[PDB]
Amino acid sequence: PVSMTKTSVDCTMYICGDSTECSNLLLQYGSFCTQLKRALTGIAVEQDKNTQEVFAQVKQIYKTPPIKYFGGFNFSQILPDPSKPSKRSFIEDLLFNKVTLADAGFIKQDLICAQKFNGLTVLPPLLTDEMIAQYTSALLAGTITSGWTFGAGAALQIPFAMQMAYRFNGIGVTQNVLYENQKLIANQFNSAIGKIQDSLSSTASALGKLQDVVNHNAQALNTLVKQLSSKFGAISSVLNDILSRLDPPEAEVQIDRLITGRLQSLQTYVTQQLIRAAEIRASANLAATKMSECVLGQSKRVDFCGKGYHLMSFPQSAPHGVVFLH
Amino acid sequence: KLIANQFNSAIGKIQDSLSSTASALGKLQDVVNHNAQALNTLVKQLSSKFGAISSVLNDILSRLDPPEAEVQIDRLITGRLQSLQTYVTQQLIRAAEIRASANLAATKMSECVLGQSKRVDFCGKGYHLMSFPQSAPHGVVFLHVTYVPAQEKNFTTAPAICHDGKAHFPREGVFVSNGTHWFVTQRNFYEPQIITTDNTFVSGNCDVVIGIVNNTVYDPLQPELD
Amino acid sequence: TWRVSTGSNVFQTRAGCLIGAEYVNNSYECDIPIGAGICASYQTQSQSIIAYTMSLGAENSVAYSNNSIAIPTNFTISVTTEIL
Ligand SMILES: *[C@@H]1O[C@H](CO)[C@@H](O)[C@H](O)[C@H]1NC(C)=O
Ligand SMILES: *[C@@H]1O[C@H](CO)[C@@H](O)[C@H](O)[C@H]1NC(C)=O
Ligand SMILES: *[C@@H]1O[C@H](CO)[C@@H](O)[C@H](O)[C@H]1NC(C)=O
Ligand SMILES: *[C@@H]1O[C@H](CO)[C@@H](O)[C@H](O)[C@H]1NC(C)=O
Ligand SMILES: *[C@@H]1O[C@H](CO)[C@@H](O)[C@H](O)[C@H]1NC(C)=O
């Protein structure tokens, strides 16, 4: 996973609502609201920074030639599918269907209604899915049609079989081994890709680390919303009743407790969000390093780009994250 | 001489860019700005009332008897404690990121300056040659020196050569053709040479590899003898 | 209490409703990000604020073939700066 959800909060609308006495009393508590806003804005911008730094490794948008023959290797299940409007691949479509979101913060002309009516909203990402699909397709086309030369300069073409000979020679096995066993290697690769497709399509349920982010964010928002039903030692949990039954001198005393409780809830929520964003940033940095060192080149680091002697890697996108095929 | 001139020109360009308002040290200014803003907010927070009758302790003491002064002072104490705790927690969170950056910088110093690394895009863009460190207030600047190919040319190529019913492969390089002749060259720099038994090895016959050619292979021993 | 001139250009985006900027069919590098792939800038027409869809990069097609290769014939020395 690379990024998480972007949220914003209206502090006055959450704590007080449409009441004016509550807002006047809240005016005397300093500048907590501004600090909360600044923290959440920082998180929101950091998410876009993560996505951009992960998926923007390519200088130019490369294309694949009209004829698809790469020495017997198929590559059909990972290249873009022109039929679909989004121009995703088969595997990308399976991944998109596997993970279900809640909302991307589009027009909102249940639980989401309660969140909205109390000043909690979600903002959309800066890059749409189509742009990320274009980035992934450009990376894949460059890797297939130019080798590793497009990551250290300008893309230089080379037939795929000779590229595989290079990569074989790079792990201490002579290239005449590949040149004499081309069909067997192609068949094994095609079978492995088909097996991955079949496993993923037959309810693999392997995308849990990407559902956990969505579930945690939704649970945090639901807890924050449900926190409004407490009393914190006051007579009631509704400001209108307090204003109706008590004079202002006592109404202020009763309202201070509610203000303090709501502020404490908001502060704990924001602190937890910061702590989670830290680890999401660390994971995004790891993903960027893997993208730069596994797909743009061949690595001798043990068990870094898969188990065994590394040969190649291909990227795919998924909701809020990336997938590598080593 | 050409490489020396290019290196000097690149260093001069870096100097010129850095001299005239580069403004590239945003990452090192953000830390200072964040710390200053945090301290200023902490000081400004001292003027709040937190639901008391006044924000000044001496005024509260002067205007009320001790029993009421205590209940008026508890609120200020609580609010200021809360502000200080918030400041401390945020400082902890920032220090974590600073430590992560320091660890990354130490690893980069170890692997790019004290050696040559094959990790892609770790010590600069291209193929890594060297790196030099420089200090700066609350940070470090690495100058990465790299080698970039340029001025490519187009050739025809084959995977193996066929001669005397034998398949020959290059020991290190590729076979290239300029239209009528075949040479063997290194991959990163065009430098064609004649194909001989010294720079190729043989394994098998000419009916397994897909895409071989019939070109000739030279042997020095026979001409040397006669 | 302030009112923005609604008779000016109005545009609809997935982020919301944008008033005061005219949508154009050109694509430039993002300057001020609005969201959902939409950015805005201040450009000379007169000068005005415009909104557009950000670009990702120039197209390129590699001339792949069965037996065609490209070999460099010259080199360059690059010196770059990194700040930490
Ligand atoms: C690639 O795989 C798909 C489905 O597995 C198949 O329909 C297609 O024919 C394969 N490619 C070739 C060239 O046979
Ligand atoms: C290819 O190179 C050889 C060098 O031995 C030269 O004699 C020949 O004219 C060249 N052919 C071309 C440039 O078409
Ligand atoms: C040349 O190639 C043909 C077929 O391509 C092959 O039969 C022959 O043995 C090769 N060598 C020669 C003719 O010396
Ligand atoms: C390359 O060789 C394959 C295998 O015979 C052939 O199908 C294809 O038409 C050739 N040309 C290209 C551009 O792939
Ligand atoms: C390589 O590029 C340099 C650029 O400084 C140029 O001076 C030199 O002549 C070039 N070499 C060749 C063989 O063209």
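Residues numbered from 1 in each chain as written, not as in the entry; some residues may be left out. Chains lettered and ligands numbered in written order. Part of a larger assembly, values for the part shown. Heavy atoms only, no water.

- For chain B, the PDB entry supplies the name Spike glycoprotein and the organism Severe acute respiratory syndrome coronavirus 2.
- The title given to this PDB entry is "SARS-CoV-2 XBB 1.0 closed conformation".

- In the nomenclature of the PDB entry, chain A corresponds to Spike glycoprotein from the organism Severe acute respiratory syndrome coronavirus 2.

**Examining the overall build of chain B**
And then number 1: For chain B, the helix and strand inventory stands at five helices and seven strands.
And then number 2: In sequence order, chain B lays out its α and β elements as α-α-α-α-β-β-β-β-β-β-β-α.
And then number 3: Since a compact globule built from 226 residues should have a radius of gyration of about 17 Å, the 36 Å found for chain B marks it as more spread out than a globular shape.
And then number 4: Projecting the C-alpha coordinates of chain B onto the three principal axes gives extents of approximately 125 × 45 × 30 Å. (Helix = DSSP H or I, 4+ residues; strand = E, 2+ residues; numbered from the N terminus. Rg over C-alpha atoms; globule rule 2.2 N^0.38 Å.)

**Quick look at the UniProt feature "disulfide bond" in chain B**
Residue and element names in this part refer to chain B.
And then number 1: Between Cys112 and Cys123, where UniProt places a disulfide bridge, the two sulfur atoms sit 2.0 Å from each other, close enough for the bridge to exist in this structure. One end of the pair, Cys112, is in helix 4 (residues 66–113); the other, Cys123, is in the loop between helix 4 and strand 1 (127–136), and 11 residues separate them in sequence. Grouping residues by exposure puts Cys112 and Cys123 together as buried.
And then number 2: Regarding the annotated cystine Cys162-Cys206, the two sulfur atoms come within 2.0 Å of each other, below 2.5 Å, so the disulfide is formed in this entry. One end of the pair, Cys162, is in strand 3 (residues 161–163); the other, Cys206, is in the loop between strand 7 (200–202) and helix 5 (221–225), with 44 residues separating them in the sequence.
And then number 3: For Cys206, a relative accessible area of 24% translates into the label partly exposed. (Disulfide = S-S within 2.5 Å. UniProt positions renumbered as here; feature names shortened; annotations may be inferred. Buried < 20%, exposed > 50% of the residue type's maximum accessible area, 1.4 Å probe, protein only.)

**Remarks on the site of ligand 5**
And then number 1: The immediate surroundings of ligand 5 are formed by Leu2 and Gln6 of chain B together with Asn74 of chain C.
And then number 2: Positioned at a junction of chains, ligand 5 has nearby residues supplied by chains B and C.
And then number 3: Coverage of ligand 5 by the protein chains reaches 33% of its 360 Å² of free accessible surface. (Near = heavy atom within 4 Å. Areas by Shrake-Rupley, 256 points an atom, 1.4 Å probe, with all protein chains shown as cover.)

**As for the side chain of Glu92 of chain A**
And then number 1: In this fold, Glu92 of chain A is placed in helix 4 (residues 90–98).
And then number 2: Beyond its immediate stretch of four places on either side in the chain, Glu92 of chain A contacts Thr136, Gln316 and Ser317 of chain A. (Contact = heavy atoms within 4.5 Å.)

**Focus: the environment of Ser237 of chain A**
All names here are of chain A.
And then number 1: Tracing the backbone through its elements, the reader meets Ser237 in the loop between helix 10 (209–226) and helix 11 (239–245).
And then number 2: Counting along the chain gives 74 residues from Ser237 to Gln163, while the straight-line C-alpha distance between them is 70 Å.
And then number 3: The contact partners of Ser237, leaving out residues within four places of it in the chain, are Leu228, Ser229, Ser230, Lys231 and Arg262.
And then number 4: Among the polar contacts listed, one links the side chain of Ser237 to the backbone oxygen of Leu228, at a separation of 3.1 Å.
And then number 5: Only 3.1 Å separates the side chain of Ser237 from the backbone oxygen of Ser230, close enough to count as a polar contact. (Polar contact = N/O pair within 3.5 Å; in protein donor to acceptor, adjacent residues only side chain to side chain.)

**Considering the sheet that holds strand 3 of chain B**
All names here are of chain B.
And then number 1: Taken in spatial order, the three strands line up as 3-4-7 in an open sheet, and their pairing is antiparallel. Two strands close off the open sheet at either side, each with one partner strand: strand 3 and strand 7. Strand-to-strand, the axes of this sheet are offset by a mean angle of 35 degrees, without reference to chain direction.
And then number 2: The pairing of strand 3 with strand 4 (residues 166–170) spans three bridges and is antiparallel. In the sheet register, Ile161 faces strand 4, and the bridge partner there is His168. (Pairing = 2+ DSSP bridges. Axes fitted to C-alpha atoms, helices over the stretch in contact; angles between N-to-C directions.)

**A look at the interface of chain A and chain B**
And then number 1: Counting residues at the interface gives 31 residues for chain A and 35 residues for chain B.
And then number 2: Together chain A and chain B conceal approximately 3,000 Å² of surface at their shared face, both sides included; 54% is due to carbon and sulfur atoms.
And then number 3: Area buried by chain A at its contact with chain B is led by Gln28, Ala152 and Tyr179 of chain A, which between them contribute 17% of it.
And then number 4: Linking chain A to chain B there are two salt bridges. (Buried area = accessible area lost by both parts, 1.4 Å probe. Salt bridge = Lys/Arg side-chain N within 4 Å of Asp/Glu carboxyl O.)

**Considering the pairing of strand 5 (residues 174–177) of chain B**
Residues and elements named next belong to chain B.
And then number 1: Burial along strand 5 is two-sided: the residues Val174 and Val176 and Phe175 and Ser177 are all buried.
And then number 2: Taken together, the three bridges between strand 2 (residues 139–158) and strand 5 define a ladder with antiparallel strand orientation. Each residue of the ladder has a partner; that of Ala158, found in strand 5, is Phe175.
And then number 3: In terms of strand pairing, strand 5 meets strand 6 (residues 182–185) through four bridges, oriented antiparallel. Bridging from a neighbouring strand, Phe175 pairs with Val184 of strand 6.
And then number 4: Hairpin geometry of strand 5 and strand 6 is characterised by an intervening segment of four residues between the two adjacent antiparallel strands and by a positive phi of about 130 degrees at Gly179.

**Comments concerning the site of ligand 2**
Residue and element names in this part refer to chain B.
And then number 1: In the region of ligand 2, the neighbouring residues are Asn178, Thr180 and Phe183.
And then number 2: Interatomic distance of 2.4 Å between a side-chain N/O atom of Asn178 and an oxygen atom of ligand 2.
And then number 3: Here ligand 2 has 360 Å² of accessible area as a free molecule, and 36% of this is covered by the chains.

**What about the sheet that holds strand 5 (residues 38–44) of chain C?**
And then number 1: Taken together, the four strands give an open sheet; going across it, the order is 3-6-5-4 (chain C), and neighbouring strands pair in mixed fashion. Of all the strands in the sheet, just strand 3 (22–23) and strand 4 (32–35) of chain C have a single pairing partner and so form its edges.

**Looking at the nonpolar core**
All names here are of chain A.
And then number 1: Counting 40 residues, the largest nonpolar core has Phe75 and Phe160 as its most contacted members.
And then number 2: Considering each element in turn, this core owes the most residues, six residues, to helix 7 (residues 160–169).
And then number 3: By size, the runner-up hydrophobic cluster in this structure holds 37 residues, among which are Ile15, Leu36, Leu228 and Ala277. (Core = buried A, V, L, I, M, F, W, Y, C linked by side-chain atoms within 4.5 Å.)

**Digging into the pattern of salt bridges**
And then number 1: Overall, the coordinates contain nine salt bridges over all chains when judged by the stated rule.
And then number 2: A salt bridge links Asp129 of chain A to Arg88 of chain A, with the nearest nitrogen and oxygen atoms 3.6 Å apart.
And then number 3: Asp129 of chain A gets classed as partly exposed once you look at its relative accessible area, which sits at 42%.
And then number 4: Between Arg281 of chain A and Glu97 of chain B there is a salt bridge, with the nearest N and O atoms lying 2.7 Å from each other.

**Comments concerning the packing of aromatic side chains**
And then number 1: In this structure the tally under the stated criterion is 18 aromatic pairs over all chains.
And then number 2: A centroid spacing of 5.8 Å and a plane angle of 65 degrees characterise the contact between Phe75 of chain A and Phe314 of chain A, whose relative ring orientation is edge-to-face.
And then number 3: Looking at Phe75 of chain A, the relative accessible area reads 3%, which means it is buried.
And then number 4: For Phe314 of chain A, a relative accessible area of 4% translates into the label buried.
And then number 5: Grouped by ring-pair contacts, the aromatic residues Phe70, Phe73, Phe75, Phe160, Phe189 and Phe314 of chain A together with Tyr64 of chain C constitute a single cluster.
And then number 6: The side chain of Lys153 of chain B reaches across the aromatic face of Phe155 of chain B, ending 5.9 Å from its centre.
And then number 7: Between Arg14 of chain C and the ring centre of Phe106 of chain A, over which it is positioned, the NZ or CZ distance is 6.0 Å. (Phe/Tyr/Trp six-rings, centres within 6.5 Å; stacked < 30°, edge-to-face > 60°. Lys NZ or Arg CZ within 6 Å of the ring centre and 35° of its normal.)

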